[PDB]
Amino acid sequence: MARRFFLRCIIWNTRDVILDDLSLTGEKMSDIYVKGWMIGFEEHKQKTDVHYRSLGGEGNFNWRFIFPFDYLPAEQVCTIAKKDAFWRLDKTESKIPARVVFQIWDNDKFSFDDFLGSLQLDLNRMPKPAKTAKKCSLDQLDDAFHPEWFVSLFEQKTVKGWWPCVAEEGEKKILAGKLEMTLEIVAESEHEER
């Protein structure tokens, strides 16, 4: 059966975010905000408020996202279709991995917002978070050589800490920002804590 879950995301802060603009005084800065959504549920995407005029790449948000999604425990696969009748968005089935996306953006008033970097996470196999922003690095993404550093959120239920965001210089990967988050998968009915 398809079971209804909820991904609860708190965006606490960002650090080291790329600075995309020049100030009227001529100082590098970004008007930072964070976009999030689950793949296959692009209709429910959400964003934080904007941390205006970040001069050192830091932003403060303390923002809560809730992402509802359907899940097949036995298949460990997302059903991009919501629930019940065809009236639901994404019709029926389509089985894909459960993944959430976080994107860091610079808000502009007099042009379009500019993409700064993103992080895409597999809820079944995701990199462990760094305790501090200092220990946050692209090494966290090393699924090839340190597979023990990937884990499953469904098993752990909750993870907190820092993850890196990435921008592609063509094939090359560059640290575009660091994201401090709490991630928790929540059931419709279960014990408050285990």
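Start at 1 and count along the sequence shown; that's the residue number.
- Just going by the entry, 88-96 versus 117-125 on mean CA temperature factor gives the higher value to 88-96.
- When the two stretches 57-65 and 36-44 are set side by side, the higher mean Cα temperature factor goes to 36-44.
- Across the options 148, 31, 142, 49, the residue with the most elevated CA B-factor in the record is 148.
- In this entry, the residue among 180, 184, 171, 20 with the greatest C-alpha B factor is 171.
- Among the modelled residues of its chain, residue 8 has a C-alpha B-factor that falls in the lowest third according to the deposited record.
- In the PDB entry, residue 104 places in the lowest third of its chain by CA B-factor.
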